[PDB]
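Right, one structure below, let's go through it.
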Amino acid sequence: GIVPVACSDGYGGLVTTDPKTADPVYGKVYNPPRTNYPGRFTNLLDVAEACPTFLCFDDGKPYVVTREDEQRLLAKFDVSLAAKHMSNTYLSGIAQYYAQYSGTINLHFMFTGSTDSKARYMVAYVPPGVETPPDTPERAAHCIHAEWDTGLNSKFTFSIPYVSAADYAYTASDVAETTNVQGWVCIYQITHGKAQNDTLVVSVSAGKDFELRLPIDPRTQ
Amino acid sequence: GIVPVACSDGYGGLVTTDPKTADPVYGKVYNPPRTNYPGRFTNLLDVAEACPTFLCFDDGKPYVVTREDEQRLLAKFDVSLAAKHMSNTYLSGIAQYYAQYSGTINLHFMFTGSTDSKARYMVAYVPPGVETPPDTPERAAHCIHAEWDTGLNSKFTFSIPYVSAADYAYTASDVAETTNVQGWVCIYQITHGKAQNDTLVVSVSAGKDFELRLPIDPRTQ
Amino acid sequence: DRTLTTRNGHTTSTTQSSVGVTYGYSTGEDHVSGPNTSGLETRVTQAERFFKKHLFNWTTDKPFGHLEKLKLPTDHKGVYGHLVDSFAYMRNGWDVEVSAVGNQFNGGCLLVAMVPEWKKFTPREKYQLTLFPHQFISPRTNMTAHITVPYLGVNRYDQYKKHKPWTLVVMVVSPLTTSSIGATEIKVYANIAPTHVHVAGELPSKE
Amino acid sequence: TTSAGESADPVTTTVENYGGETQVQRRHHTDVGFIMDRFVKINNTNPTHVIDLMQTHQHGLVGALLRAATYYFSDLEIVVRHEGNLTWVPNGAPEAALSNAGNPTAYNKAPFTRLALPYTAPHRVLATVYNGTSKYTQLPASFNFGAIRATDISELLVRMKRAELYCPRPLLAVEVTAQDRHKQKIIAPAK
Amino acid sequence: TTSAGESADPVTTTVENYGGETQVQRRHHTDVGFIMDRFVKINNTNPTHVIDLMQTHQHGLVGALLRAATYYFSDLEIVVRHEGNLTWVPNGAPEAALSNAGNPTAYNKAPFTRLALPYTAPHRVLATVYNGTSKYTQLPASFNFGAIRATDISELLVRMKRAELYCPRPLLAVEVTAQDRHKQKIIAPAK
Amino acid sequence: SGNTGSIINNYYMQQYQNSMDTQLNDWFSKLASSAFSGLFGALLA
Amino acid sequence: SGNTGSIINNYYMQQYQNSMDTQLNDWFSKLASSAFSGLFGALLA
Amino acid sequence: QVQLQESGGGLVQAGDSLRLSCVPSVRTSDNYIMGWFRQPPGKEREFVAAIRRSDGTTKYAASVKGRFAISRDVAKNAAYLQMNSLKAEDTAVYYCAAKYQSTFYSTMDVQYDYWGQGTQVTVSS
Amino acid sequence: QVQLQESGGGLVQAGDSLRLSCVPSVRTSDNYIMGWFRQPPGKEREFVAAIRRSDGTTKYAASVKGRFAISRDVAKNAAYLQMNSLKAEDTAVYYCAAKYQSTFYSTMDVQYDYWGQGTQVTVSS
C-alpha cells in the first residue's frame with residue numbers, strides 16, 4: 001500500500017522562534033547587486049566594542065566637574081546595565097533585550113581642560129559586600145583601582161572586571177531590593193591645580209570577552 | 001511501530017502559483033507528433049525584439065507629418081510603457097503584466113516620402129530633472145540625441161538608454177503626479193525641402209538587454 | 001609629527017595640530033559603474049576641490065547637546081554647482097575638515113560627525129552621536145578634525161535636488177571655558193571637498 | 001544605424017552606438033513555460049462543464065497571453081470545488097458517459113479536488129482562432145480537454161503544464177483616453 | 001592605558017593590565033542574522049495591507065534593532081490569519097491587481113497561512129530614514145515588500161530571512177527617573 | 001521545466017504524470033539572434 | 001545561516017525558497033579587531 | 001473587513017416596480033453570494049433571493065418566484081434585485097448580505113457573513 | 001485565567017454622558033475582542049459594541065450606532081465605551097467581555113469567553 005505515519009500530538013503548532021522555514025510561492029527572483037556596500041555589521045557587540053557612548057551624570061551631562069570643596073568623590077554608579085548613569089548608552093540599549101551577560105566593561109575618561117590646568121584622578125571597583133560605598137580615596141585605595149594625571153594624552157581607559165559567584169549575571173535589577181548585586185564604580189579627584197570648572201568626560205564600551213546570552217522582548221508594547 | 005510526523009500549521013493550503021504538482025489519474029497517453037512545428041516562441045521578449053509595432057500619435061496615426069510652420073517639434077512622449085503613444089504596442093501589451101523593467105528600448109523611424117522630397121530629423125532623450133521638455137532642437141541639442149537625413153536607406157533606429165537611480169523601474173505610472181519618473185523622447189524636424197505632406201512612421205521594439213521582472217495580473221476582470 | 005597636508009585638486013590645506021584622518025564605513029569607493037546607468041557615466045576631476053563654509057560661533061553660553069548641521073551637497077557657486085544643475089544623476093563622497101581656532105588656554109570639547117540620512121535627534125539620542133564617523137576638537141590638543149566618507153544610499157546614483165545622503169554635524173560636548181588669557185569666542189568653519197565625482201544624464205539648457 | 005526599412009529585417013541597435021554599454025539581462029520571468037504555469041479562474045461553471053481554455057478571461061494574465069498565440073499545446077491541472085463526486089470524461093466521449101463511475105471519478109474530500117489531466121485532443125495542436133468550419137466566432141467542438149460533472153460546481157481553476165505556443169498574435173493594453181500616460185494607484189504604505 | 005582621545009581610535013583595555021585574564025566568549029546570540037530571525041507582530045492590519053517593516057513596534061526586539069540601522073536587506077516570511085482568500089502582489093504593482101487570482105492567492109486553511117516572500121524592491125537596499133523626497137517623517141513609497149488583501153485580516157506576523165544591516169544608529173533603553181537604577185519585577189517561583 | 005521548484009524526483013512515473021510526445025525548432029529565438037546591429041556605411045568616431 | 005536548525009536539505013530548490021544575489025566586507029568587525037590594547041609609554045611592573 | 005453599500009429604496013404603490021442595488025467595499029477575488037433578506041413590520045428576518053458571483057445561479061423564495069429577478073454586474077461588481085408587481089405585503093426592511101465562506105447551492109440561503117444596514121421599502125395601496 | 005475590572009458606572013439623567021472602562025487582569029499577547037453587553041430590566045442580555053485589540057475595528061448595534069463610541073488604549077491595555085445622549089431606554093446592567101478564541105469581524109458579537117461582573121447604569125428623565 002502506502003507508508004503509514006503517526007500524526008503525533010503536541011507537535012505541529014507555530015512557535016514564533018522555531019528553526020524551520022516556510023514554503024515558497026514566487027520563484028526566480030534576482031536582487032540588485034550590493035557588492036562591497038559600506039558599513040556592514042554582523043554582530044551587535046562589534047559595534048558595541050568599537051563605538052563607545054557617553055554616560056549621564058547629574059543634570060544630564062556626559063562629564064563630571066572638579067569641585068572647589070573638601071569632597072573628593074566625583075561620581076559613583078552601580079555596576080549594572082540598568083543603572084541611572086548608563087540609561088543613555090548603546091551598551092545598555094542593547095543589553096535591555098537580553099536576559100544575562102558576562103565579561104568586561106570598559107570606561108573611557110577624556111580630560112577637556114585647558115593646558116594650564118592639571119589634575120589627578122582615580123577610579124576604583126568596589127565589589128559587593130559592603131553596605132555603603134567608600135567616599136574617600138584613602139579608604140577606596142584597598143579595592144581594585146587605578147590612578148592617572150593629565151598631560152599630552154587626554155584619554156584613559158579602565159576595564160571593570162567581571163567578578164562574581166555565578167558564571168553569568170542578570171542585565172536587570174530585580175526589585176526595590178537595595179545593594180546592587182554587583183559592585184559600584186567610584187571616581188575620585190585625588191588633586192588638581194587651577195582646575196576650577198574643567199570637566200572629565202566619561203563613556204563606556206564593551207570589553208574583549210563581553211557577552212550577552214538569552215534574547216528577550218521585555219518592553220511594554 | 002511506524003514513523004511519527006508533525007502535521008505543521010500554516011503549511012498545506014493551495015497557493016495559485018506554487019511550484020508543486022498534482023497527482024495523475026489517467027495513464028499511458030501518447031500525443032500526436034508535432035515535430036518541427038513552425039513558428040514557436042519560448043520567450044515573449046524574443047517576439048518583442050524581432051517584431052516592432054507602431055506608435056500612436058495625434059488623431060491615432062502611426063506617423064508624424066512635416067509641418068509648414070515655425071514649430072520644429074514633431075512629437076514628444078514620456079519614457080513609459082504606460083504612455084499614450086505606446087498604448088497600442090506589443091511591448092506595452094506585454095509590459096502591462098509585469099511590475100518592473102530595465103534595459104534598452106529601440107525606436108524605428110521609416111520615411112515614406114517621395115524621391116524628390118528631402119528632410120533632416122533629430123531625436124533627443126531628455127532625462128528627468130527639468131519641469132517642461134525643450135521645444136527647440138537648439139536647446140535639446142544638449143541632451144543625448146542623434147540626427148539623420150533621408151536617402152537610399154529609409155529606416156533609422158535609435159536606442160533609448162536606461163538611465164536612472166534605481167536598478168529597476170515601474171512599468172506603470174503611479175497617480176496623477178506629474179513629471180514622469182523617466183525622461184521624455186522628443187522628435188524634431190531640423191529642416192526639409194519640398195516635403196509638405198510627407199510622413200515619418202515610428203515603431204518600437206525591445207532592446208538587447210531589456211527585461212521584465214515580476215509577473216502580475218492587474219486588469220479588471 | 002602632527003603635521004598633515006591634504007591636496008584635493010589644485011588646492012591644499014596644511015595643519016600642524018593634526019590628530020589623524022578618520023575613514024568612515026569604507027576606505028575607498030565601491031563600483032561606480034553599475035547596471036542602472038547603462039555605461040553612460042563620466043568622471044569630472046575639475047569639481048573635486050575644497051570650498052569654505054561657516055558653521056557657527058562657539059560661545060561659552062552653549063550647553064552640552066547644542067547641535068549644528070550642514071546637509072551636503074550645499075549651495076555651491078562653482079563647477080560643482082553647474083554639475084548639479086547640468087546633469088540628472090550624480091554621485092560622490094566627501095572629504096571634510098573642520099577647524100575651531102582659539103588658543104591652548106581654553107577648555108571644552110566639540111564632536112564633529114558625519115551622519116547618513118539625517119533625522120532630528122532627541123535629547124537622549126545625542127548621547128550616542130559617536131556611532132557615526134567622528135572626531136573631537138579640544139582646544140587643549142587640536143584645532144582641526146578630518147573625516148573622509150564614501151558615497152552610500154539606496155540608489156547607486158542620486159538626484160541631489162531631491163535627496164541628501166550625508167550631513168555634517170557639530171555638537172557641543174563640553175561647554176567652552178575661557179579665562180583672562182584665553183580666547184573669549186571661537187568661530188567654526190568647514191573645508192569640504194567632493195571625492196570621486198561621477199555624473200550621468202545630461203540635461204537640456206535653459207538659455 | 002540606418003537600413004532598408006521595407007525589407008522588414010530585424011534591427012537591434014545598442015547603446016554602444018554612442019559610447020554606452022549593453023548590460024547583462026535575465027529573462028526567466030518572460031519564459032513561456034514559466035508564465036503560463038499558474039492557476040487561473042474559469043468564471044462560468046455549470047453542473048456539466050466542458051474544459052475549454054478559451055473560457056478564461058480575455059484580459060487575465062494567462063487568458064490574454066493565450067489569446068496572443070495562434071496554436072498551442074499543453075497538459076492540464078484543474079482545481080474543482082464540488083458537491084458529491086466529480087466525473088471526468090476525455091475528449092470525444094459521449095455526454096452520457098459522465099454518469100458512470102468507470103470513468104475517472106473523484107469522491108470529494110473536504111476543501112476541494114486537485115487533479116492532473118493529459119492532452120486528449122485528436123489534433124497535434126489546438127488553436128485559438130479557426131478560419132472556417134468543421135461540420136457538413138466558433139471553434140471546432142474538438143478543441144477541449146474533456147468534461148467534468150458534479151451536482152453543482154462552485155469554482156474551477158486550470159493550469160497549463162508543459163505549455164508550448166506558436167505564431168504570435170496582437171496583445172493589447174488598456175487604452176489611454178486623453179492623458180499623457182495611463183496613471184493609476186500603486187501600492188504604498190499607510191500614513 | 002592612556003591614549004589621544006580626540007583622534008577617535010578604538011581602544012580596548014583588558015583585565016590583563018593588572019594581572020587578570022581575558023576569558024573565552026561566545027557571541028552566537030548577538031549575531032545579526034540570528035537575532036532578526038523571529039516572528040514579530042504588526043498591530044495595524046487592514047483589509048488591504050502594504051508590508052512595510054517600519055510598521056513593527058519601535059520598542060520590540062526586532063522593531064528596535066531594525067530602527068538601529070540605516071540600511072538593510074532581507075527576504076521575508078509572513079503569518080496571516082484571514083477570512084477568505086489572501087492575494088499578494090509584489091513591489092510596484094497596481095492596487096487593482098489585488099482582486100485577481102493570477103497573483104499569488106492562498107485559499108485559507110484552518111489555523112492560518114505561512115508563506116515565504118522574496119525581496120522585490122527596485123533598490124539594492126532599503127532604508128529606515130530618508131533625507132528628502134521622491135516625488136516631483138515619510139519614506140519613499142517603494143520601501144515595502146508588497147501588499148496583501150483579504151476580506152478581513154486578524155493578525156500579521158513577519159520574519160526577516162538572510163538579514164543584513166548597515167550603518168548603525170542610536171538604540172535607547174527605558175529611562176531611569178530618580179532611582180539609582182531601573183528596578184523591576186523578575187520571574188521567581190511562588191511561595 | 002517551468003515553475004517547478006522541488007529537488008526530489010516525482011513519486012509517480014513519467015508515464016502517468018503527463019502524456020508522452022512522439023516524433024516523426026525555435027523560430028523567434030533565431031529570428032532575434034540574427035538581427036542586424038552595428039552601423040551602415042563608414043564611421044568617423 | 002542564522003536560526004535554522006534542521007540537518008536535512010530543503011525540499012525546494014534554492015531558486016524558489018529565496019531570491020538570488022548578483023555581484024559586480026564587514027566594517028565593524030575589522031574596526032573592532034584593529035583596536036588598540038596594551039599600554040603607552042614605559043612599564044614598571 | 002467588507003462593508004455593503006445599498007441603494008434604490010423608497011416608496012411606491014401597488015403595481016409599480018423597484019430596483020435595489022448593493023456594492024461591496026473591497027473587490028477581493030472570492031466567490032461570494034450576494035443575497036437579499038427582508039424583515040416585515042413586526043416579524044422576523046427572512047430570505048428573499050440570492051445569486052452566486054461566478055455564474056448566475058439564483059435562489060428564490062416561494063413567496064417571490066415569478067415577480068422578483070436578481071442579477072450581477074461582473075464589471076462594476078454589483079448586484080440588483082428587480083422587484084416587479086409589488087403587493088401590499090411586500091412592505092418590509094430589505095437587507096443585503098455577503099456569505100463569503102461557502103458557495104454551494106444547497107446552502108445558499110442559510111448563513112451570511114456581512115449584512116450592511118437595511119433599506120426601507122414601503123409600498124402603498 | 002482572566003478577570004475583567006469594570007469602572008465608571010453610575011446614575012445620570014437623559015441628555016448627559018457616561019464613560020465605562022474595563023481592564024483585564026493579565027496582559028497576555030493575544031488578539032482579544034473587548035465588547036459590551038447590556039441587560040435591560042426584565043429582559044435578556046444583548047450586544048452593544050465591540051472592538052478589536054490589534055486595530056480599531058469596531059462593531060455596533062442598530063440601537064446605538066451614532067451615539068455610542070468605543071476605543072482602546074494600547075499603552076494601558078484598556079477599553080472605553082463613551083455613551084452619549086442617553087435615552088431613558090438605556091437603563092440596564094452593562095457587562096464587558098473578552099472573546100479570546102477567534103477575532104474575525106463577521107463573528108465579533110456572538111461568543112465571548114470571560115464576562116466579569118456587570119455594572120449598573122440607571123438613567124432618569
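Simple scheme: letters A, B, ... for chains in C-alpha cells order, numbers from 1 for residues in each chain, numbers from 1 for ligands in the order shown.
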Output as a Markdown table one row per residue of chain D within 7 Å of chain H: the closest atom pair and its distance in Å to one decimal place, counting only C-alpha atoms, sorted by chain and residue number ascending.
```
| residue | atom | partner | partner_atom | distance |
| --- | --- | --- | --- | --- |
| D:43 | CA | H:54 | CA | 4.9 |
| D:44 | CA | H:55 | CA | 5.3 |
| D:45 | CA | H:55 | CA | 6.4 |
| D:154 | CA | H:103 | CA | 6.2 |
```
Interface, chain D side, toward chain A (12 Å; only C-alpha atoms) as a list in words: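 Taking only C-alpha atoms into account, residues 25, 26, 27, 28, 29, 30, 31, 34, 35, 37 and 38 of chain D sit within 12 Å of chain A.
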Could you do a least-squares fit of chain F on chain G over every C-alpha atom, in sequence order, and give the output as a PDB file with N, CA and C atoms, in the first residue's frame?
```pdb
ATOM      1  N   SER F   1      22.940  31.652   7.544  1.00  0.00           N
ATOM      2  CA  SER F   1      22.774  30.535   8.463  1.00  0.00           C
ATOM      3  C   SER F   1      22.536  31.032   9.881  1.00  0.00           C
ATOM      4  N   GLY F   2      21.395  31.682  10.097  1.00  0.00           N
ATOM      5  CA  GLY F   2      21.013  32.123  11.423  1.00  0.00           C
ATOM      6  C   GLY F   2      19.613  31.657  11.762  1.00  0.00           C
ATOM      7  N   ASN F   3      19.497  30.922  12.865  1.00  0.00           N
ATOM      8  CA  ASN F   3      18.211  30.447  13.380  1.00  0.00           C
ATOM      9  C   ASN F   3      17.536  29.474  12.414  1.00  0.00           C
ATOM     10  N   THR F   4      18.293  28.464  11.989  1.00  0.00           N
ATOM     11  CA  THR F   4      17.768  27.329  11.239  1.00  0.00           C
ATOM     12  C   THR F   4      18.440  26.084  11.792  1.00  0.00           C
ATOM     13  N   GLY F   5      17.647  25.104  12.209  1.00  0.00           N
ATOM     14  CA  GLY F   5      18.212  24.009  12.968  1.00  0.00           C
ATOM     15  C   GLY F   5      17.905  22.613  12.480  1.00  0.00           C
ATOM     16  N   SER F   6      17.584  22.465  11.202  1.00  0.00           N
ATOM     17  CA  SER F   6      17.316  21.162  10.612  1.00  0.00           C
ATOM     18  C   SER F   6      18.544  20.701   9.843  1.00  0.00           C
ATOM     19  N   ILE F   7      18.852  19.409   9.940  1.00  0.00           N
ATOM     20  CA  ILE F   7      20.058  18.891   9.306  1.00  0.00           C
ATOM     21  C   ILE F   7      19.777  18.511   7.857  1.00  0.00           C
ATOM     22  N   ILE F   8      18.539  18.112   7.564  1.00  0.00           N
ATOM     23  CA  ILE F   8      18.191  17.657   6.226  1.00  0.00           C
ATOM     24  C   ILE F   8      18.124  18.843   5.270  1.00  0.00           C
ATOM     25  N   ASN F   9      18.491  18.598   4.012  1.00  0.00           N
ATOM     26  CA  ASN F   9      18.406  19.622   2.984  1.00  0.00           C
ATOM     27  C   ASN F   9      16.959  20.060   2.786  1.00  0.00           C
ATOM     28  N   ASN F  10      16.796  21.210   2.138  1.00  0.00           N
ATOM     29  CA  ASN F  10      15.465  21.741   1.895  1.00  0.00           C
ATOM     30  C   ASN F  10      14.773  20.958   0.789  1.00  0.00           C
ATOM     31  N   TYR F  11      13.444  20.895   0.866  1.00  0.00           N
ATOM     32  CA  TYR F  11      12.678  20.178  -0.144  1.00  0.00           C
ATOM     33  C   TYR F  11      12.577  20.968  -1.440  1.00  0.00           C
ATOM     34  N   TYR F  12      12.623  22.292  -1.357  1.00  0.00           N
ATOM     35  CA  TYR F  12      12.515  23.159  -2.517  1.00  0.00           C
ATOM     36  C   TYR F  12      13.886  23.676  -2.922  1.00  0.00           C
ATOM     37  N   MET F  13      14.029  23.972  -4.210  1.00  0.00           N
ATOM     38  CA  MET F  13      15.301  24.442  -4.726  1.00  0.00           C
ATOM     39  C   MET F  13      15.622  25.822  -4.165  1.00  0.00           C
ATOM     40  N   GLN F  14      16.898  26.188  -4.249  1.00  0.00           N
ATOM     41  CA  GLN F  14      17.330  27.497  -3.783  1.00  0.00           C
ATOM     42  C   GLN F  14      16.732  28.619  -4.618  1.00  0.00           C
ATOM     43  N   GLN F  15      16.390  28.336  -5.873  1.00  0.00           N
ATOM     44  CA  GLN F  15      15.802  29.323  -6.768  1.00  0.00           C
ATOM     45  C   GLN F  15      14.402  29.741  -6.343  1.00  0.00           C
ATOM     46  N   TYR F  16      13.748  28.957  -5.489  1.00  0.00           N
ATOM     47  CA  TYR F  16      12.366  29.209  -5.107  1.00  0.00           C
ATOM     48  C   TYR F  16      12.196  29.561  -3.640  1.00  0.00           C
ATOM     49  N   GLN F  17      13.138  29.177  -2.781  1.00  0.00           N
ATOM     50  CA  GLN F  17      12.992  29.478  -1.362  1.00  0.00           C
ATOM     51  C   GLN F  17      13.239  30.954  -1.085  1.00  0.00           C
ATOM     52  N   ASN F  18      14.267  31.534  -1.699  1.00  0.00           N
ATOM     53  CA  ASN F  18      14.534  32.956  -1.543  1.00  0.00           C
ATOM     54  C   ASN F  18      15.158  33.492  -2.823  1.00  0.00           C
ATOM     55  N   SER F  19      15.314  34.813  -2.878  1.00  0.00           N
ATOM     56  CA  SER F  19      15.865  35.460  -4.057  1.00  0.00           C
ATOM     57  C   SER F  19      17.355  35.166  -4.184  1.00  0.00           C
ATOM     58  N   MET F  20      17.923  35.568  -5.316  1.00  0.00           N
ATOM     59  CA  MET F  20      19.306  35.271  -5.655  1.00  0.00           C
ATOM     60  C   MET F  20      20.089  36.564  -5.791  1.00  0.00           C
ATOM     61  N   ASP F  21      21.217  36.649  -5.097  1.00  0.00           N
ATOM     62  CA  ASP F  21      22.044  37.843  -5.152  1.00  0.00           C
ATOM     63  C   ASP F  21      22.997  37.785  -6.336  1.00  0.00           C
ATOM     64  N   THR F  22      23.223  38.944  -6.944  1.00  0.00           N
ATOM     65  CA  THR F  22      24.154  39.092  -8.047  1.00  0.00           C
ATOM     66  C   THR F  22      25.257  40.060  -7.646  1.00  0.00           C
ATOM     67  N   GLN F  23      26.402  39.938  -8.304  1.00  0.00           N
ATOM     68  CA  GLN F  23      27.579  40.713  -7.955  1.00  0.00           C
ATOM     69  C   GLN F  23      27.954  41.630  -9.108  1.00  0.00           C
ATOM     70  N   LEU F  24      28.871  42.548  -8.826  1.00  0.00           N
ATOM     71  CA  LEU F  24      29.537  43.331  -9.858  1.00  0.00           C
ATOM     72  C   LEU F  24      30.905  43.795  -9.377  1.00  0.00           C
ATOM     73  N   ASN F  25      32.428  42.150   3.173  1.00  0.00           N
ATOM     74  CA  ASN F  25      33.099  43.342   3.676  1.00  0.00           C
ATOM     75  C   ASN F  25      32.452  43.851   4.962  1.00  0.00           C
ATOM     76  N   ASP F  26      32.893  43.294   6.083  1.00  0.00           N
ATOM     77  CA  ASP F  26      32.404  43.664   7.404  1.00  0.00           C
ATOM     78  C   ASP F  26      33.269  44.798   7.936  1.00  0.00           C
ATOM     79  N   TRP F  27      32.681  45.985   8.081  1.00  0.00           N
ATOM     80  CA  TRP F  27      33.461  47.137   8.515  1.00  0.00           C
ATOM     81  C   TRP F  27      33.734  47.086  10.009  1.00  0.00           C
ATOM     82  N   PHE F  28      32.708  46.797  10.807  1.00  0.00           N
ATOM     83  CA  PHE F  28      32.848  46.951  12.249  1.00  0.00           C
ATOM     84  C   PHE F  28      33.586  45.782  12.876  1.00  0.00           C
ATOM     85  N   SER F  29      33.556  44.613  12.240  1.00  0.00           N
ATOM     86  CA  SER F  29      34.432  43.527  12.658  1.00  0.00           C
ATOM     87  C   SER F  29      35.895  43.943  12.580  1.00  0.00           C
ATOM     88  N   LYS F  30      36.312  44.492  11.440  1.00  0.00           N
ATOM     89  CA  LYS F  30      37.688  44.942  11.285  1.00  0.00           C
ATOM     90  C   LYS F  30      37.975  46.163  12.146  1.00  0.00           C
ATOM     91  N   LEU F  31      36.966  47.001  12.382  1.00  0.00           N
ATOM     92  CA  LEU F  31      37.165  48.206  13.180  1.00  0.00           C
ATOM     93  C   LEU F  31      37.326  47.869  14.656  1.00  0.00           C
ATOM     94  N   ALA F  32      36.744  46.754  15.096  1.00  0.00           N
ATOM     95  CA  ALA F  32      36.942  46.315  16.470  1.00  0.00           C
ATOM     96  C   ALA F  32      38.195  45.476  16.627  1.00  0.00           C
ATOM     97  N   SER F  33      38.524  44.637  15.647  1.00  0.00           N
ATOM     98  CA  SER F  33      39.737  43.842  15.743  1.00  0.00           C
ATOM     99  C   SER F  33      40.992  44.693  15.663  1.00  0.00           C
ATOM    100  N   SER F  34      40.926  45.835  14.989  1.00  0.00           N
ATOM    101  CA  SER F  34      42.048  46.750  14.876  1.00  0.00           C
ATOM    102  C   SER F  34      42.088  47.754  16.012  1.00  0.00           C
ATOM    103  N   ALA F  35      41.527  47.408  17.165  1.00  0.00           N
ATOM    104  CA  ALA F  35      41.522  48.314  18.303  1.00  0.00           C
ATOM    105  C   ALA F  35      42.859  48.263  19.020  1.00  0.00           C
ATOM    106  N   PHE F  36      43.194  49.348  19.708  1.00  0.00           N
ATOM    107  CA  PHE F  36      44.441  49.403  20.452  1.00  0.00           C
ATOM    108  C   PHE F  36      44.280  48.734  21.808  1.00  0.00           C
ATOM    109  N   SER F  37      45.330  48.051  22.245  1.00  0.00           N
ATOM    110  CA  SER F  37      45.379  47.427  23.559  1.00  0.00           C
ATOM    111  C   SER F  37      46.773  47.651  24.128  1.00  0.00           C
ATOM    112  N   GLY F  38      47.099  46.934  25.196  1.00  0.00           N
ATOM    113  CA  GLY F  38      48.425  47.077  25.766  1.00  0.00           C
ATOM    114  C   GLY F  38      48.533  48.330  26.612  1.00  0.00           C
ATOM    115  N   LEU F  39      49.630  49.051  26.435  1.00  0.00           N
ATOM    116  CA  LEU F  39      49.905  50.262  27.191  1.00  0.00           C
ATOM    117  C   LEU F  39      50.431  51.355  26.270  1.00  0.00           C
ATOM    118  N   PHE F  40      50.868  52.442  26.894  1.00  0.00           N
ATOM    119  CA  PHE F  40      51.543  53.537  26.220  1.00  0.00           C
ATOM    120  C   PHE F  40      52.629  54.040  27.156  1.00  0.00           C
ATOM    121  N   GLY F  41      53.801  54.320  26.599  1.00  0.00           N
ATOM    122  CA  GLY F  41      54.939  54.689  27.411  1.00  0.00           C
ATOM    123  C   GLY F  41      55.647  53.471  27.961  1.00  0.00           C
ATOM    124  N   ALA F  42      56.337  53.631  29.085  1.00  0.00           N
ATOM    125  CA  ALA F  42      57.087  52.552  29.699  1.00  0.00           C
ATOM    126  C   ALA F  42      56.246  51.887  30.786  1.00  0.00           C
ATOM    127  N   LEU F  43      56.707  50.727  31.243  1.00  0.00           N
ATOM    128  CA  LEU F  43      56.008  49.974  32.273  1.00  0.00           C
ATOM    129  C   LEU F  43      57.003  49.589  33.352  1.00  0.00           C
ATOM    130  N   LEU F  44      56.563  49.645  34.604  1.00  0.00           N
ATOM    131  CA  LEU F  44      57.363  49.236  35.752  1.00  0.00           C
ATOM    132  C   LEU F  44      56.493  48.309  36.594  1.00  0.00           C
ATOM    133  N   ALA F  45      56.437  47.039  36.212  1.00  0.00           N
ATOM    134  CA  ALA F  45      55.588  46.084  36.912  1.00  0.00           C
ATOM    135  C   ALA F  45      56.230  45.662  38.222  1.00  0.00           C
TER     136      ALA F  45
END
```
Chain D contacts on chain C, only C-alpha atoms, 8 Å, as a list in words: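 That gives the following set of residues: residues 35, 38, 39 and 40 of chain C.
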Go ahead and write the residues just picked, N, CA and C atoms, as an mmCIF file, in the first residue's frame.
```cif
data_model
loop_
_atom_site.group_PDB
_atom_site.id
_atom_site.type_symbol
_atom_site.label_atom_id
_atom_site.label_comp_id
_atom_site.auth_asym_id
_atom_site.auth_seq_id
_atom_site.Cartn_x
_atom_site.Cartn_y
_atom_site.Cartn_z
ATOM 1 N N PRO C 35 24.786 48.765 -13.390
ATOM 2 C CA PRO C 35 23.846 48.485 -14.480
ATOM 3 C C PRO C 35 22.728 49.500 -14.621
ATOM 4 N N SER C 38 23.896 52.259 -17.405
ATOM 5 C CA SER C 38 23.997 51.717 -18.763
ATOM 6 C C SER C 38 25.218 52.231 -19.520
ATOM 7 N N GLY C 39 26.337 52.406 -18.826
ATOM 8 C CA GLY C 39 27.598 52.693 -19.483
ATOM 9 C C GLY C 39 27.819 54.133 -19.872
ATOM 10 N N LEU C 40 26.903 55.031 -19.513
ATOM 11 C CA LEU C 40 26.935 56.412 -19.977
ATOM 12 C C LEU C 40 27.359 57.400 -18.898
#
```
Check: which chain A residues lie within 7 Å of chain G using only C-alpha atoms, as number ranges by chain: A: 19-20, 23-24, 26-36, 39-41, 46-47, 49-50
Can you write out as JSON lines which residues of chain C fall within 8 Å of chain A, alongside each residue's closest atom pair and its distance in Å to one decimal, counting only C-alpha atoms and ordering rows by chain and ascending residue number?
```
{"residue": "C:24", "atom": "CA", "partner": "A:39", "partner_atom": "CA", "distance": 7.8}
{"residue": "C:25", "atom": "CA", "partner": "A:39", "partner_atom": "CA", "distance": 4.3}
{"residue": "C:26", "atom": "CA", "partner": "A:38", "partner_atom": "CA", "distance": 5.6}
{"residue": "C:30", "atom": "CA", "partner": "A:36", "partner_atom": "CA", "distance": 6.2}
{"residue": "C:64", "atom": "CA", "partner": "A:61", "partner_atom": "CA", "distance": 6.9}
{"residue": "C:104", "atom": "CA", "partner": "A:115", "partner_atom": "CA", "distance": 5.8}
{"residue": "C:105", "atom": "CA", "partner": "A:114", "partner_atom": "CA", "distance": 5.0}
{"residue": "C:106", "atom": "CA", "partner": "A:114", "partner_atom": "CA", "distance": 4.9}
{"residue": "C:107", "atom": "CA", "partner": "A:114", "partner_atom": "CA", "distance": 4.6}
{"residue": "C:108", "atom": "CA", "partner": "A:112", "partner_atom": "CA", "distance": 5.3}
{"residue": "C:109", "atom": "CA", "partner": "A:112", "partner_atom": "CA", "distance": 6.2}
{"residue": "C:124", "atom": "CA", "partner": "A:88", "partner_atom": "CA", "distance": 6.2}
{"residue": "C:125", "atom": "CA", "partner": "A:88", "partner_atom": "CA", "distance": 7.4}
{"residue": "C:127", "atom": "CA", "partner": "A:54", "partner_atom": "CA", "distance": 5.4}
{"residue": "C:128", "atom": "CA", "partner": "A:53", "partner_atom": "CA", "distance": 5.1}
{"residue": "C:129", "atom": "CA", "partner": "A:53", "partner_atom": "CA", "distance": 7.5}
{"residue": "C:130", "atom": "CA", "partner": "A:53", "partner_atom": "CA", "distance": 6.1}
{"residue": "C:131", "atom": "CA", "partner": "A:51", "partner_atom": "CA", "distance": 5.6}
{"residue": "C:138", "atom": "CA", "partner": "A:112", "partner_atom": "CA", "distance": 6.5}
{"residue": "C:139", "atom": "CA", "partner": "A:114", "partner_atom": "CA", "distance": 7.1}
{"residue": "C:140", "atom": "CA", "partner": "A:114", "partner_atom": "CA", "distance": 5.1}
{"residue": "C:141", "atom": "CA", "partner": "A:152", "partner_atom": "CA", "distance": 7.7}
{"residue": "C:150", "atom": "CA", "partner": "A:38", "partner_atom": "CA", "distance": 7.8}
{"residue": "C:152", "atom": "CA", "partner": "A:38", "partner_atom": "CA", "distance": 7.0}
{"residue": "C:173", "atom": "CA", "partner": "A:62", "partner_atom": "CA", "distance": 7.6}
{"residue": "C:174", "atom": "CA", "partner": "A:199", "partner_atom": "CA", "distance": 7.4}
{"residue": "C:177", "atom": "CA", "partner": "A:197", "partner_atom": "CA", "distance": 7.5}
```
